[PDB]
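A lone chain, given as structure tokens: the form deposited in one PDB entry.
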């Protein structure tokens, strides 16, 4: 047939420090000219066996393509297997040097790095998103004979194969290993269906770690479980629930109508809105200050603040921080989710927006929103590649409001009745837990550290824990603690729980 393509060397993927994540490995593809193969039928059984193929089934294949001038025998053999076939010296058997990807960290960064197809083209994750950058251009050599199939001359070798370009990801493999191990262990300890964990640099917008459970070995090109290949952190949507309350609180503080010391009466732990009932879990409260509403995670408390300030102000904070918004990461199949909106907000939708019931967001959007809040209200564009020059970013929340909300979230973790399991020994950590009824539950924790100068934002999402305790503060908060403690030390972040220096 017409023309053969010389596969280009696909670009190397590394983590932010140059540790290899996806490496192009030489493989040998064997093809044949059936016309010449017919001249050596006594060689076919040995050839069939060297290719693993059945003697009769292989002979059937060749005879069927007797007219064809080219056919593929086998693709992607190791250079050792490919040479064994060439050692047989079978007339009409030819070889082409192809490429296949090897993933040294395997299952650890599978979803982030991605996977390639049979033609070495990106199929998932980064491999897919930066395919054009990584692929380069195939080789151009005119296969010329006369009228047979025996390449008489290697004539015009013009614009030949151009190698693909190297790509350094934002991922730090050291933090990725830790995040992977801890999420894997929590899934097992909780008998959970799935999970996601995202670590972000609040200053640069870099994704330092992104792990999901279940995971798969991208080096094992058979079995391929589609559910295990899902990059849940970027493709699965969920109700963020109580994890959005810091954004409702940001709108309250920016309104001019609320201060942290203000009190909201949440008695009797229920609130009547038309034919709908807002309900708190622990209904043992009356007066709660704004920090108290977050510690007790009062849906009633947050809904009352929402009615006073208006849903517009809340929606705008949530929209500006990127919840239910396009991340601009350009990963095909990435889910945008939904942030409900109205011209005229009824009372029930105002409340559910405020406590995160009406919405669908991804783990990446949630971590990005928490990064804006942690970075004194400045949102920095999300990046899956190493950021050397930080873009300007947008001041979505005023520095004063974001700083107040950070202090309240520090109290959520440290105060009496708080999320003590999120505490990071040696540092001041801040965050908010979430528990969403899908009885099936989703356990959440979103936070950042150190509170003195936030460096890392983290989201821990545990899908369907199956033990007695399913609450976010019980299931996800310790994962945050464990991952945070290690990540801050791996990044040499100085401990900040110090004696008033």
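Superpose the two forms; the largest set of C-alphas matching within 1.5 Å is the rigid core. Positions refer to the first chain, counted from 1.
Although it is not shown, the form deposited in another entry is what the next lines describe.
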Candidates 383, 313, 95, 320 - which moves between this form and the one not shown, C-alpha at least 2 Å, core fixed: 95
Rigid core superposition, residue 453 Cα moves 2 angstroms or more between this form and the one not shown: no
Residue 404: CA shift of at least 2 Å between this form and the one not shown after core fit? no
Return yes or no for residue 143: a CA shift of at least 2 Å between this form and the one not shown, with the rigid core superposed? yes
